[PDB]
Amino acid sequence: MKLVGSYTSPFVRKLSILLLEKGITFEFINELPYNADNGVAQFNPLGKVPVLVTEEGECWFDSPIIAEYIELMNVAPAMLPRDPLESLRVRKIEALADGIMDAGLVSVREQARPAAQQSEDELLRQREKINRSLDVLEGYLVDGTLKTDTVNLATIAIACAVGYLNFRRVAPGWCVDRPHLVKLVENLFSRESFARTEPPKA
């Protein structure tokens, strides 16, 4: 199996972590999807990472689909419950976390445009999406919808999203008055799979 990705993408990281947790052997194929010359299109016409390539040449995308493919392999530890509705509820929370990643990425890409081309309004509305979403996550933990010791596809995705926010310096107050969220991501960050997949920083 090949995982086509970048070293910074949290969508990719989510999958690297699933595979590492499950002890599944894979080769990483590094790509830079925002350069003009890159090699992503042979794997995904959308030009986005991650992509998973099976040992028959089938290319899987986007990241939630790949995570389900991996789950279907049936290798411990399970990262989704077996019950269809509860699995879908975990995957709704994964979609929330993926949306935090999306908003972080939009923010970073906005700031990569030439100065005169940037929209401060765009930055503000992405930041608001992030804060509202972090509030919903804290609420799940207050309510017991999530627990701080939960390790599943949703919580992996949440910690990847927060790790990305930190890395890119988006929403520096993510931890302010969200103490359950802090505990949850610290618990995940302590795992070897997170330690081995940190984004490179100069």
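Start at 1 and count along the sequence shown; that's the residue number.
S.K.: So, looking at the entry's B-factor column for Cα atoms, which has the higher mean, 77-85 or 125-133?
M.R.: Averaging CA B-factors over each stretch, the winner is 77-85.
S.K.: Comparing 179-187 with 13-21, which has the greater mean CA B-factor as deposited?
M.R.: The entry gives the higher C-alpha B-factor average to 179-187.
S.K.: Among 37, 68, 138, 62, where is the Cα temperature factor highest, going by the PDB entry?
M.R.: Of the options given, 37 has the highest CA B-factor in the PDB entry.
S.K.: Can you tell me which of 152, 166, 42, 30 has the highest Cα temperature factor in the record?
M.R.: It is 42.
S.K.: If you rank the chain by CA B-factor, which third does residue 92 end up in: lowest, middle or highest?
M.R.: Lowest third - that is where residue 92 ends up once the chain's C-alpha B-factors are sorted.
S.K.: Classify residue 110 as lowest, middle or highest third according to the C-alpha B-factor given in the PDB entry, relative to its own chain.
M.R.: Ranked within chain, residue 110 CA B lands in the middle tercile.
S.K.: According to the PDB entry, is the CA B factor of residue 160 in the bottom, middle or top third of its chain, that is, lowest, middle or highest?
M.R.: Its C-alpha B-factor, which the entry lists for residue 160, ranks in the lowest third among residues of this chain.
S.K.: Can you tell me whether residue 170 has a C-alpha B-factor in the lowest, middle or highest third compared with the other modelled residues of the same chain?
M.R.: Within its chain, residue 170 is a middle-third residue by C-alpha B-factor, going by the deposited values.
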